[PDB]
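Each answer follows from the model by the rule given with it, or from the source it names; these are not laboratory values. Heads up, the Cβs are rebuilt from the backbone with ideal geometry, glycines too, and the neighbour counts pull from every protein chain shown.
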Amino acid sequence: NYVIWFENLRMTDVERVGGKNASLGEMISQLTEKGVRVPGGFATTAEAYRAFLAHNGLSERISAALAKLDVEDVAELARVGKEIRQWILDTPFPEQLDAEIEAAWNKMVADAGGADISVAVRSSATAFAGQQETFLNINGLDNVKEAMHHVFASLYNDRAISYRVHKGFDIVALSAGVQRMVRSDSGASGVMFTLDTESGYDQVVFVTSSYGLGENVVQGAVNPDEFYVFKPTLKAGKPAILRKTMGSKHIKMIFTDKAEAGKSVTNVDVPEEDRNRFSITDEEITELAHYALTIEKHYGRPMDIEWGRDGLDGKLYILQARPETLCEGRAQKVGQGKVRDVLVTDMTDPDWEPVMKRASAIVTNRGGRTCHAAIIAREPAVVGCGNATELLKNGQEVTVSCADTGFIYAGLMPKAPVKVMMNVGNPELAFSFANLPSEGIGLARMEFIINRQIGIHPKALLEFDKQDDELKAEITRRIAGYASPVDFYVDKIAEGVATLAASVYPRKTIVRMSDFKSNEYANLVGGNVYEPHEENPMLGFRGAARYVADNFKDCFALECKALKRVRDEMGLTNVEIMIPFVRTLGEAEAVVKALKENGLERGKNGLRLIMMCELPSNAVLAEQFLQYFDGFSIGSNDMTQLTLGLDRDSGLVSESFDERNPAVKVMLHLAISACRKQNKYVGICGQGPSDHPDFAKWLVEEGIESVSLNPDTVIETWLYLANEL
C-alpha cells in the first residue's frame with residue numbers, strides 16, 4: 001500500500017505512483033515478452049507521501065505558508081520554498097514506510113543474487129522535462145532513503161510551486177521510483193523519439209546516443225550522436241538508417257567510488273578515440289528502433305524513451321518511456337495580428353488572464369518553457385526575447401512563426417490540373433516538407449549533399465594514398481565514423497537521398513545525379529588539381545560527358561552505388577534517377593551503358609530513368625532522346641540560356657532572360673509533345689510557373705504532367721491553378 005513493485009504496476013496506477021512509474025510497470029508487465037528489457041524496482045505511493053507529510057502535522061504548516069505567499073514575488077518564493085524543503089528534509093519517514101522500503105530493498109539485493117547493487121531514485125509526479133529530480137548509483141539502504149528524502153522535497157522546488165500556482169491549483173504528492181542501475185557508465189545511452197520532434201513527421205524514429213549515463217543527453221549537457229530510422233522499411237526488415245550525425249560528445253557521466261550523496265556520479269572528459277567515433281553501431285540503432293516501435297504500438301501514441309547499453313552485459317535496456325505530448329525569442333504554430341492582437345509585454349501575472357483572452361498572440365521579454373505565458377499558450381507563443389518592448393513597435397503589423405527559435409516578422413486541397421511536386425535540395429529540411437501538400441519531389445538535387453555533407457572531391461578520396469599528408473589528414477578527420485574514404489562518399493549520398501525519398505515516401509522522388517560544373521568540383525577539398533579552369537564553365541565538362549569520361553568513371557560508379565543501395569536494399573523504390581546535360585544521342589546511349597555497368601537498368605527493380613531536357617538539341621531531337629528514357633523533366637533555366645545565348649548571372653545581358661520568350665516556348669512545346677505522344681512523363685522545373693502565372697497557364701494548356709516548385713511557392717501556385725480549372 002506504501003511500496004509497490006513495478007511488475008505489479010500498470011498504466012492505470014498513475015494517480016498512485018505517477019506517470020513515470022506506471023509506465024515502467026506497464027512495460028515490465030506487458031512488453032518483456034515482446035523483447036523490451038526494463039530494469040526492476042519499486043515505487044512509493046501517493047498515500048505513502050501523505051502519511052509522511054502528515055507528521056506533526058507538517059502538511060498543514062506547508063499549506064499555511066503557501067496560502068499567504070505571492071509566487072510572483074520571487075524573494076518570498078525562494079525563502080518559503082527553501083523553508084518547506086528543509087522541513088521535508090528534517091521530517092523522518094513513518095515507521096511503516098521505513099520498514100516497507102527496507103523489505104523492498106532487501107528483495108532487490110536478493111534478486112540480484114548477491115549483491116552490492118546500485119539504484120536510481122527518481123521522481124514520478126502525479127501530474128515535464130525534467131527539473132524533476134533524480135539520483136544515480138545509490139549503493140545502500142540509508143543512502144537510498146536519504147536520496148528519497150530529497151526527491152520528496154523536490155515537489156516544493158520553487159519553480160514547481162510556481163508551475164502549479166500558474167496551472168492554477170494545493171496541496172500535492174509524488175512517488176519515488178527506485179530502479180536498478182544499468183552499467184552504461186562503461187557503455188552508451190540516450191533518448192529515442194518515435195517521431196521527428198522538429199517537424200512532427202511520424203514515419204521516422206529519432207535516436208540520440210552518447211557515452212556514459214544518459215542523464216547528460218536527457219539534460220542536453222552533451223551534444224550526442226543523432227540517427228534517423230525509417231519505420232516502414234524497418235518493419236519490412238530492410239536497412240532503415242537514413243541519416244547519421246556524429247556528436248561532439250565532450251564529456252560522459254561515470255560512477256565514483258566516492259559516493260557521499262549526489263557525488264555518486266561525476267562528469268569526465270571523453271577520449272579522442274571515442275569522440276570521433278559513433279557511440280553505438282548500426283545493429284544497435286536498429287535494435288533500439290524496434291523497441292521504440294513495439295513500445296509505441298503498445299501505448300498507441302508517440303513516445304519519448306530513455307535507453308542504455310550496459311557496458312558489462314552488452315545488452316540494451318529501456319529505462320523510462322512516456323508520451324511525447326524582425327524580432328526573436330523562444331518558440332508549433334504560426335499566428336498574425338496587430339502588436340498591442342499579438343500581445344507584447346514583459347511577463348504576465350495571473351491578473352493577465354482576462355486581457356489575455358482579449359487577444360490572439362503572446363510575445364514576452366522574460367521566460368522559458370515553463371514560463372507563465374508559455375503555459376497559457378500551450379493550453380502561441382514567443383518568450384525569452386530580451387527586448388521586444390524595444391524592438392517591436394506599438395502600431396502593428398506582425399506574424400509570429402514556430403515552424404524552435406520562434407521568429408516574429410515583419411509581415412502577414414482543391415483539384416489541381418497538373419501535379420504540383422517539390423524542388424528540394426537540403427535533406428536536413430526534408431521532414432519539414434513531408435507535411436506540405438504535394439505529389440512528391442520532382443527534383444531532388446544532389447549538390448547540397450556533396451558540398452555540405454561530403455565536402456571533398458571524390459577523386460581525392462579515390463586516390464587518397466597519392467595525397468598529401470596535409471590532405472590525408474583533412475580527409476580522415478572529415479570521414480570519421482566511416483570505413484574508408486570511398487565508403488564515406490557512397491554512404492553520405494545514400495543517407496542524403498534515402499532521407500529525401502523517405503520524406504515523401506511512398507511518393508515519387510526524382511533524384512538528379514550531380515550537376516556540378518568543374519569550378520564547383522574545384523572548390524571541394526582536394527579538387528583544384530582535378531579540375532582545370534574553363535573559359536565557359538556552363539558549356540564545359542559536366543553532366544553525361546563527365547559521367548562517361550574514362551577520366552571520371554570511377555566517381556560516377558560511386559554515386560551509382562549509392563542510388564542502387566537506396567532502391568535495391570533500403571527499399572526506397574519511389575526514387576527515379578534523372579540525368580542532366582545529355583548533349584547528344586551518343587551520350588544518352590553511353591550513360592545508359594554506364595548505368596547498366598553499375599547495376600542500374602530501366603525495368604530492373606522497377607527503375608525509371610528521366611532525362612533533364614535542358615539543351616536545344618533535347619528539344620529538336622525530343623523523340624529520338626526519349627527512346628532512352630521514361631520521360632523528361634524540363635530545365636527551363638538552361639534551356640532559356642542556351643536558346644537565347646545568355647548567362648542569366650551576367651547583369652550586362654540578363655534582362656533578356658525569359659523562360660516565356662517565344663523561342664523558349666517552341667522548345668518546350670517540342671519536348672512536351674514528344675512526351676505526350678509516347679504516354680511518357682513530362683515535368684518542368686524552375687520558378688517560372690510560380691513567378692509568371694500565365695506561363696503556368698500555358699504549360700497546363702500544353703499538357704505538362706507536373707511542375708516542381710520550391711516548397712514555399714507550392715500552396716500559392718496549387719491554389720492559382722486549381723482556381724483556374
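Looking only at the stretch 252-276, which residues are closer than 19 Å to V144 by Cβ and surrounded by fewer than 16 Cβ atoms within 10 Å (Cβ to Cβ)? Listed by number, the residues that qualify are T256, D257, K258, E260, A261, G262, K263.
On inspection, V178 qualifies as assigned by CATH to the domain that holds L141 and not in a loop (DSSP other than H, G, I, E, B).
For the stretch 294-327, the set of residues classified as surrounded by 17 or more Cβ atoms within 10 Å (Cβ to Cβ) and of a type in the set (A, V, I, L, M) consists of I295, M303, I305, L316, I318, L319, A321, listed by residue number. Of the residues that make up the stretch 337-349, is at least one touching a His at 6+ places or on another chain (Cβ under 7 Å), surrounded by fewer than 18 Cβ atoms within 10 Å (Cβ to Cβ) and farther than 30 Å from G237 by Cβ? So far as the stretch 337-349 goes, yes, one or more of its residues are touching a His at 6+ places or on another chain (Cβ under 7 Å), surrounded by fewer than 18 Cβ atoms within 10 Å (Cβ to Cβ) and farther than 30 Å from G237 by Cβ.
Scanning the stretch 674-719 for residues that are crowded, with 16+ Cβ neighbours inside 10 Å and small (G, A, S) returns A674, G683, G686, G688, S690, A696, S706, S708.
Which members of the stretch 520-537 meet the condition of being surrounded by 15 or more Cβ atoms within 10 Å (Cβ to Cβ) and either touching a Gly at 6+ places or on another chain (Cβ under 9 Å) or under 30 Å from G683 (Cβ atoms) (or both)? Result: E520, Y521, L524, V525, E534, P537.
Taken over the stretch 161-174, the residue count meeting the criterion of being assigned to a helix (DSSP H, G or I) and either under 12 Å from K82 (Cα atoms) or of a type outside the set (G, A, S) (or both) is 6. Out of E287, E296, one residue alone is closer than 24 Å to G481 by Cα and assigned to a helix (DSSP H, G or I). It is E287.
Is there a residue being touching an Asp or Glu at 6+ places or on another chain (Cβ under 6 Å) and more than 23 Å from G367 (Cα to Cα) anywhere in the stretch 161-172? No - not one qualifying residue is present in the stretch 161-172. Residues in the stretch 481-499: is at least one out of contact with any strand residue (DSSP E or B) (no Cβ under 8 Å at 6 or more places or on another chain), part of a loop (DSSP other than H, G, I, E, B) and farther than 30 Å from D202 by Cα? Within the stretch 481-499, one or more residues are out of contact with any strand residue (DSSP E or B) (no Cβ under 8 Å at 6 or more places or on another chain), part of a loop (DSSP other than H, G, I, E, B) and farther than 30 Å from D202 by Cα.
The set of residues in the stretch 365-412 that are of a type outside the set (D, E, K, R) and assigned to a helix (DSSP H, G or I) comprises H372, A373, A374, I375, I376, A388, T389, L391.
Apart from one condition, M578 fits all of (1) over 27 Å from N637 (Cα atoms); (2) within 33 Å of the chain's Cα centre (by Cα); the exception is (1). Annotation: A480 fulfils all but one of (1) surrounded by fewer than 23 Cβ atoms within 10 Å (Cβ to Cβ); (2) in contact with a helix residue (DSSP H, G or I) (Cβ under 8 Å, 6 or more places away or on another chain); the unmet one is (2). Checked against the criterion of being over 33 Å from the mean Cα position of the chain (by Cα), closer than 19 Å to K665 by Cα and surrounded by fewer than 22 Cβ atoms within 10 Å (Cβ to Cβ), the candidates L621, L615 yield just one match: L621. Inside the stretch 420-466, residues that are in a helix (DSSP H, G or I) and either in contact with a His (Cβ under 6 Å, 6 or more places away or on another chain) or at positive phi (or both) make up a count of 0. Scan the stretch 183-229 for residues that are within 11 Å of the chain's Cα centre (by Cα) and more than 20 Å from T325 (Cβ to Cβ) and jot them down. Across the stretch 183-229, the qualifying residues are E226, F227, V229. Of all residues in the stretch 505-519, those being closer than 22 Å to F629 by Cβ and either buried (at least 18 other Cβ atoms within 10 Å of the Cβ) or among the polar types (S, T, N, Q) (or both) number 9.
So, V38, is that one under 33 Å from the mean Cα position of the chain (by Cα) and part of a loop (DSSP other than H, G, I, E, B) or not? It is true that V38 is under 33 Å from the mean Cα position of the chain (by Cα) and part of a loop (DSSP other than H, G, I, E, B). Filtered by the rule that a residue be surrounded by fewer than 20 Cβ atoms within 10 Å (Cβ to Cβ), farther than 24 Å from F42 by Cα and under 32 Å from the mean Cα position of the chain (by Cα), the stretch 131-181 gives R159, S162, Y163, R164, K167.
Residue-level analysis places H298 among those that are of a type outside the set (G, A, S), closer than 19 Å to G35 by Cα and not assigned by CATH to the domain that holds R159.
Scanning the stretch 1-35 for residues that are among the polar types (S, T, N, Q) and part of a loop (DSSP other than H, G, I, E, B) gives a single hit, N1.
When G314, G335, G308 are checked against the criterion of being touching a strand residue (DSSP E or B) at 6+ places or on another chain (Cβ under 6 Å) and assigned to a loop (DSSP other than H, G, I, E, B), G335 stands alone in meeting it. Of the residues making up the stretch 308-349, those that are within 30 Å of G187 (Cβ to Cβ) and touching a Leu at 6+ places or on another chain (Cβ under 9 Å) number 9.
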